[PDB]
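Asker: Using the deposited numbering, the letters of the sequence shown correspond one by one to residues 1 to 73. We treat Cβ as the ideally placed atom computed from N, Cα and C, and that holds for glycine.
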Amino acid sequence: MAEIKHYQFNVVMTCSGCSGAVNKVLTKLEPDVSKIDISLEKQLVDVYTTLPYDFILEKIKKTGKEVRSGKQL
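1) Measure from the alpha carbon of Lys-28 to the alpha carbon of each residue in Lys-42, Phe-55, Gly-70, then state which is nearest.
2) Report the residue from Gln-43, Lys-59, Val-12, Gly-70 whose alpha carbon sits nearest the alpha carbon of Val-33.
3) With a threshold of 6 Å on Cβ separation, who are the neighbours of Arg-68 within its own chain once the five nearest residues in sequence on each side are excluded?
4) Specify the secondary structure class of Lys-65 as computed by DSSP and reduced to three states.
5) Out of curiosity, what's the CA-to-CA distance linking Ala-2 and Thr-50?
Encoded structure:
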């Protein structure tokens, strides 16, 4: 029933990242993830996956990049 959510987080990219690290840490659960997307402009990242929010936060945490806020859609 609960499928691919669309989470969105304000993650401090500050140049450089361009999916590196953020993508890699998700590869581990490709079969549970639809996609990620990234918008440098407003330092936003979308995470399209069925996995629980907490799990995503953990994985983002694991990159070492700051996370100012985020929500689910």
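Answerer: Reading it off the structure:
1) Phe-55
2) The residue with the shortest Cα to Cα distance from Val-33 is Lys-59.
3) For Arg-68, same chain residues with a beta-carbon under 6 Å away, outside a window of 5 residues either side, are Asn-10 in chain order.
4) coil
5) 7 Å
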